[PDB]
Amino acid sequence: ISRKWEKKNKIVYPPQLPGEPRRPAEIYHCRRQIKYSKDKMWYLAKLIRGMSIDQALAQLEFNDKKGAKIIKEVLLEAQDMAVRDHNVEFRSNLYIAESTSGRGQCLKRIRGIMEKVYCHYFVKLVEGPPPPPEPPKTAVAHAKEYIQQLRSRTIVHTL
Amino acid sequence: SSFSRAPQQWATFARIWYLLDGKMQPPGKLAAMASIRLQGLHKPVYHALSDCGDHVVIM
Amino acid sequence: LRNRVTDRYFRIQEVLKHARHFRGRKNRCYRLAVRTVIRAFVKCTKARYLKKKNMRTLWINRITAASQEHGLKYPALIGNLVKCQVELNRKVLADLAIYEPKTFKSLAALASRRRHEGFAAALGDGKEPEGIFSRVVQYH
RNA sequence: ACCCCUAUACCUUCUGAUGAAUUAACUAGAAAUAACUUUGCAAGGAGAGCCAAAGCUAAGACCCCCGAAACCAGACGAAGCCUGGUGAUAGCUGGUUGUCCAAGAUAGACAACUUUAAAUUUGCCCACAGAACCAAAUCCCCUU
RNA sequence: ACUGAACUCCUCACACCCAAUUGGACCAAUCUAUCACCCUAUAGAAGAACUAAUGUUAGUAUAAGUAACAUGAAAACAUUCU
RNA sequence: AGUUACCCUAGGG
């Protein structure tokens, strides 16, 4: 049992200078011991990994999976504590920076040992618009990289 | 000599287009020369990982 | 248990630090890592021979290319430079080919001239004055 | 990073199929008679007994793990089963955990080869001569 | 003529490619005697070192989110129906 | 001294 994710919300950064970019808010939340497999909840966690909070909530409210409701609840709680506890003025101005699942303390039952599986859902929200996805590299990027590779070659094994 | 670094490198590793007439010639003898130049084994700069082959055009 | 090994993390670590750049479970699991690390060490020990052999092959390839640039052949160049008391090794000849190409052309011409001298010497058998570049400096 | 070149996993058993998912822990050489080494003392040693034709006293340093069917005794159930004898025994596998240096593999019917230490003097290779009547060579062997 | 070894030379270093076995020298960790005092020294000792025993125990994988398992229907969840 | 299609155990082909 390690509970670092909870402790990650107690970091007090020093106050900033006027000539310094505004540090975006960072919120960490998790739910422990969810009666669900980490393998199944990995899909739901991956689905929402760069979405805005509103998009993620929309996606999860229409997933048929059991873990969708649980992740939705965790996200709503995170949004509430963001606006209230962590000084995030806009509910909309959040995005899922991190969304993973770990394994919990699973139980063992006798049938023939079978495992009652539990898991943790971890999320980190950051203040601001979701970062735009990386554009697919063009032919110009490919050609530039190839020419650089050609230019970087040396006369091997000599003076 | 006395080139800049980038042009010197470019000149050393540039690929040359060779022409080979195959009329009345044995195909294996053509192939020997083509294989030598295609690998770059005709260049003193040759290394197997330098990618220093040349173009061979056989008519 | 009167005495048992307390310092066993460090023996495992001794093996594992050489396996961090492997693939799969070899980089983590000691039992698999040890096998792969033993094999890697034997390869590293035996690769010194191959390093030397491959270096000479590369030098010979590059000198062959260089001498065919002047119409010579590697046997001709090497042999006829030896006959001129020019003890340049393959390594240096390859660096001369790449980096000092006028000196390489001069050496190729010297080899060619010695070779023609040899052909003349063998053709006209008998008592004829030796080739100028065929003359050998004696030491004592 | 890959591309190139090189590279028949390992252990065991054969003259050269077996086992192992992985991690952590556990897991396997026990005998000082003589001899040797190092001390003490010395025709004596030893704190009775014992040994002594330089001996005697003391120390050091040599001898693994797992794995039958059985048999016996007494119970418990309806020959079986259990406990004890029992770490039974016999075969045959398998396993036996740090490093370095030195020496270190093929006859046979205990022997051969091998290790350590010690004492001494020839060892190997071999030239003439020399070894049976009814081919190769071998034995012997001074020189070197 | 050239290519071609761990052979030989070359610059330096040299005790540093045999099974069991035997002999010699070191030695991790532990405990003790005395030191030492950010982890050691000289000795004495010993349940004293594990990539393997269809070894034992515990954790977690693979197979695998696979095989398999479950609740008759509508509704006011009263009831009615099949 | 035979025998075990009731055979049994460790191994080998």
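Convention: sequence-line order gives letters A, B, ...; per-chain numbering from 1.
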request  = Test salt bridge (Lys or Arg N to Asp or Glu O under 4.0 Å) on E26(A) and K124(A) and set out the steps.
outcome  = CA-CA 7 Å; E26(A) 265 214 275; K124(A) 181 176 105 156; 2.3 Å; yes
key: Verdict with supporting geometry, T158(A) and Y99(C), side chain to side chain contact (heavy atoms under 4.5 Å, CB included)   = CA-CA 9 Å; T158(A) 190; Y99(C) 287 115; 3.3 Å; yes
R103(A)/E115(A) under salt bridge (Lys or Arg N to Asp or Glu O under 4.0 Å): CA gap, chis, key distance, verdict = CA-CA 12 Å; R103(A) 96 177 275 255; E115(A) 218 196 43; 3.2 Å; yes
task = Start with the C-alpha gap between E73(A) and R31(A), add the side-chain angles, then the distance that decides, and say whether salt bridge (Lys or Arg N to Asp or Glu O under 4.0 Å) holds.
result = CA-CA 9 Å; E73(A) 292 181 7; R31(A) 167 153 313 158; 3.1 Å; yes
request  = Mind running side chain to side chain donor-acceptor pair (under 3.5 Å) on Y74(C) and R90(C) for me, showing each step along the way?
outcome  = CA-CA 11 Å; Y74(C) 169 88; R90(C) 277 89 164 157; 3.2 Å; yes
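In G65(E), the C1'-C2'-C3'-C4' torsion is negative, which places the sugar in the south family. A positive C1'-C2'-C3'-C4' angle places the sugar of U18(D) in the north (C3'-endo) family.
Comparing the same atom, P, in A117(D) and in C31(E) gives a spacing of 39 Å after rounding to whole Å. Taking the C1' atom of each, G95(D) and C82(D) are spaced 33 Å apart, rounded to whole Å. Atom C1' of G94(D) sits at a distance of 10 Å from the matching atom of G19(D), rounded to the whole Å. On the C1' atoms, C124(D) is 38 Å away from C134(D), given to the nearest whole Å. Here, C9(E) and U138(D) have their P atoms 36 Å apart, quoted to the whole Å. Comparing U12(D) with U96(D), their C1' atoms are spaced 13 Å from each other, to the whole Å. Across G67(D) and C16(E), the matching P atoms stand 46 Å from one another, rounded to whole Å. Only the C1' atoms considered, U13(D) is 8 Å distant from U18(D), to the nearest whole Å.
Syn is the classification of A76(E), since its glycosidic angle stays within 90° of 0. In this structure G60(D) sits in the anti conformation; its chi angle is more than 90° from 0. A glycosidic torsion no more than 90° from 0 defines the syn conformation; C100(D) lies beyond that range and is anti. In this structure, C133(D) is classed as syn because its glycosidic torsion stays within 90° of zero.
Between the P atom of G4(E) and the NZ atom of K52(C) lies a distance of 15 Å, rounded to the nearest Å. If you measure from atom CG of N54(C) to atom P of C5(D), you get 11 Å, rounded to the nearest angstrom. In this structure, the CZ atom of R4(C) is 11 Å from the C1' atom of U30(E), given to the nearest Å. Distance, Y49(C) OH to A6(E) P: 7 Å, rounded to whole Å. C10(E) atom P lies 18 Å from atom CZ of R90(C), rounded to whole Å. Distance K38(A) NZ to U60(E) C1': 10 Å, rounded to the nearest Å. Between the CD1 atom of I113(A) and the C1' atom of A61(E) there is a distance of 17 Å, rounded to whole Å. The CG atom of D7(C) sits 14 Å away from the P atom of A49(E) (whole-angstrom rounding).
Note on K53(C): a side-chain N or O is less than 4.0 Å away from OP1 or OP2 of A5(E). Between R39(C) and the phosphate of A9(D), there is a side-chain N or O to OP1/OP2 separation shorter than 4.0 Å.
Heavy atoms of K108(A) sit under 4.0 angstrom from primed sugar atoms or phosphate atoms, though from no base atom. No engagement by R111(A) is indicated, since no non-hydrogen atom pair under 4.0 Å with the nucleic acid exists. Looking at heavy-atom distances under 4.0 Å, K73(C) makes no contact with the nucleic acid at all. Within the 4.0 angstrom heavy-atom criterion, base atoms lie near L1(C). Residue contacts shown for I38(C) include a base, since a base heavy atom lies under 4.0 Å away. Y74(C) comes within 4.0 angstrom of the backbone, heavy atoms only, and of no base.
Under the 4.5 Å side-chain heavy-atom criterion for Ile, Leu, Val, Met, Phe, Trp and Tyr, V45(B) and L77(C) are members of distinct hydrophobic clusters.
Here the CZ atom belonging to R153(A) is positioned 7.0 Å from the OG atom belonging to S50(B), to the nearest 0.5 angstrom.
Neighbouring nucleotides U121(D) and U122(D) fail the stacking criterion: their six-membered base rings are not both under 5.5 Å apart at the centres and under 30° between the planes. Stacking check, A21(D) with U22(D): both criteria met, centre separation under 5.5 Å and interplanar angle under 30°. Between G4(E) and its strand neighbour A5(E) the base rings do not stack, failing centres under 5.5 Å or planes under 30°. Stacking annotation: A52(E) and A53(E) not stacked (criterion of six-membered ring centroids under 5.5 angstrom and interplanar angle under 30° not met). Under the 5.5 Å centre and 30° plane thresholds, the six-membered base rings of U27(D) and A28(D) are judged not to be stacked.
Across all strands shown, the partner of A102(D) is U22(E), judged by Watson-Crick or G-U wobble contacts whose two distances both fall under 3.5 Å. Base pairing annotation: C26(D) forms a Watson-Crick or G-U wobble pair with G55(E), both donor-acceptor distances under 3.5 Å. Figure legend. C71(D) is base-paired to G85(D); pairs are counted as Watson-Crick or G-U wobble with both atom distances under 3.5 Å.
Of the candidate nucleotides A28(E), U6(D), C26(D), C26(D) has the atom nearest to the side chain of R8(C). In this structure, the nucleotide among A9(D), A46(E), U6(D) sitting nearest to the side chain of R35(C) is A9(D).
The bases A33(E) and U42(E) are paired, Watson-Crick or G-U wobble, with both atom distances under 3.5 Å.
Between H42(B) and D54(B), the side chains place a donor N or O and an acceptor N or O closer than 3.5 Å (distance only, hydrogens not considered). Under the 3.5 Å distance criterion, with hydrogens and angles disregarded, no donor-acceptor pair is assigned to the side chains of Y95(A) and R49(A).
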Under 3.5 Å donor-acceptor pairs involving side-chain atoms of residues 55-63 of chain C, not counting sequence neighbours:
{"from": "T57(C)", "atom 1": "OG1", "to": "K53(C)", "atom 2": "O", "distance (Å)": "2.8"}
{"from": "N61(C)", "atom 1": "ND2", "to": "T57(C)", "atom 2": "O", "distance (Å)": "3.4"}
{"from": "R62(C)", "atom 1": "NE", "to": "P44(B)", "atom 2": "O", "distance (Å)": "3.2"}
{"from": "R62(C)", "atom 1": "NE", "to": "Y46(B)", "atom 2": "O", "distance (Å)": "2.9"}
{"from": "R62(C)", "atom 1": "NH1", "to": "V156(A)", "atom 2": "O", "distance (Å)": "3.0"}
{"from": "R62(C)", "atom 1": "NH1", "to": "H157(A)", "atom 2": "O", "distance (Å)": "3.2"}
{"from": "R62(C)", "atom 1": "NH2", "to": "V156(A)", "atom 2": "O", "distance (Å)": "2.8"}
{"from": "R62(C)", "atom 1": "NH2", "to": "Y46(B)", "atom 2": "O", "distance (Å)": "3.0"}

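Within residues 12-32 of chain C, the residues that place at least one heavy atom under 4.0 Å from RNA chain D are, in residue-number order, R25(C), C29(C), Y30(C), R31(C), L32(C).
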Below 3.5 Å between N/O atoms, which protein atoms pair up with nucleotides 63-71 of chain E? Just atom names and distances, please.
{"from": "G65(E)", "atom 1": "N7", "to": "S37(A)", "atom 2": "OG", "distance (Å)": "3.2"}

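Using bins of under 30°, 30° to 60° and over 60° for the plane-to-plane angle, the ring pair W5(A)/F122(A) lands in the perpendicular bin.
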